[PDB]
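Sequence order for the protein chains is A and B. Note that the entry's author numbering has the first sequence beginning at 1048, numbered continuously upward. Note that the entry's author numbering has the second sequence beginning at 1676, numbered continuously upward. Below is one structure, written out as structure tokens; comments come after it.
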Amino acid sequence: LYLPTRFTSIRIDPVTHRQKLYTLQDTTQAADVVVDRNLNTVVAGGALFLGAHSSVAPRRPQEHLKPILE
Amino acid sequence: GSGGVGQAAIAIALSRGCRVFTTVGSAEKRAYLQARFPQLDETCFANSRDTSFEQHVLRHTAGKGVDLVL
């Protein structure tokens, strides 16, 4: 389980974004995402991440879900 | 690399047989250097007026990076 913790450089440009977007046959709207783990950069439409370091979190056992063992 | 301490750094770092990566502002400096040191690939050159050199080093390094930066 991994939450975000640091970004090094996010860069959003809503103009290029409107543009980078398209329309599926669904009639819905989507754009292409790409992850380059060797460069640590996620891009999608008009939002470009860089060094978006996420990190571990402790699963907290909710004991209103302890199983009945028979 | 194009400059004073740059060129000596290359020459020295080369003498001890190393993968080199240099940055340089001119298209012409790409020239002088490529000439002066034959042991340089086109993979060896990235820009210097800009942050692009990071992405570049991170590619031809397989996301491992360089051992010393000058």
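For every residue, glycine included, the Cβ atom is placed at its ideal position computed from N, Cα and C.
Inset, instruction - For chain A, find out if any of its Cβ atoms is closer than 8 Å to the Cβ of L1715/B; answer yes or no. - result: Position 40 of the second sequence holds residue 1715/B. No, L1715/B does not count as interfacial toward chain A.
Legend entry - Contacting residues, own chain, Cβ-Cβ under 7 Å from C1719/B (five flanking each side not counted): Position 44 of the second sequence, counted from the first residue, corresponds to residue 1719/B. If we look at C1719/B and ignore the five residues flanking it on each side, its Cβ neighbours are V1695, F1696, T1697.
Inset, instruction - Reducing DSSP to helix, strand and coil, say where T1088/A ends up. - result: For the purposes of this step, residue 1088/A is identified with residue 41 of the first sequence, where counting begins at 1. Here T1088/A sits in coil by DSSP.
Legend entry - Outcome for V1699/B when other beta-carbon atoms lying within 10 angstroms are tallied against a minimum of 16: For this step, residue 1699/B is matched to residue 24 along the second sequence. So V1699/B ends up on the buried side.
Inset, instruction - Please work out which residues of its chain come closer than 7 Å, Cβ to Cβ, to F1712/B, disregarding the five sequence neighbours upstream and downstream, and give them in chain order. - result: What you label residue 1712/B is simply residue 37 of the second sequence in a count that begins at 1. Closer than 7 Å at the Cβ level, and outside the excluded window around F1712/B, lie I1685, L1689.
Legend entry - Residue interval of the alpha helix (DSSP H) (run including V1103/A): Looking up residue 1103/A in the first sequence gives position 56. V1103/A -> not in any alpha helix (DSSP H); beta strand (DSSP E) instead, spanning 1100-1103.
Inset, instruction - With a cut-off of 8 Å on the beta carbons, I'd call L1050/A and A1104/A a contact; round off their distance for me. - result: On the first sequence, position 3 is the one that residue 1050/A refers to. On the first sequence, position 57 is the one that residue 1104/A refers to. So it is a contact: roughly 5 Å between Cβ atoms.
Legend entry - Option in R1724/B, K1704/B, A1683/B with minimal Cα separation from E1717/B: Numbered from 1 along the second sequence, position 42 holds the residue referred to as residue 1717/B. Checking every option, the nearest Cα to that of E1717/B belongs to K1704/B.
Inset, instruction - Provide the residue(s) that pair with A1077/A in DSSP beta bridges, ordered along the chain. - result: In the first sequence, counting from the first residue as 1, residue 1077/A sits at position 30. Paired residue(s): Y1069/A.
Legend entry - 7 Å Cβ shell around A1737/B - same chain, five flanking residues per side excluded: Numbered from its first residue, the second sequence carries residue 1737/B at position 62. Taken in chain order, the list of residues that qualify is empty.
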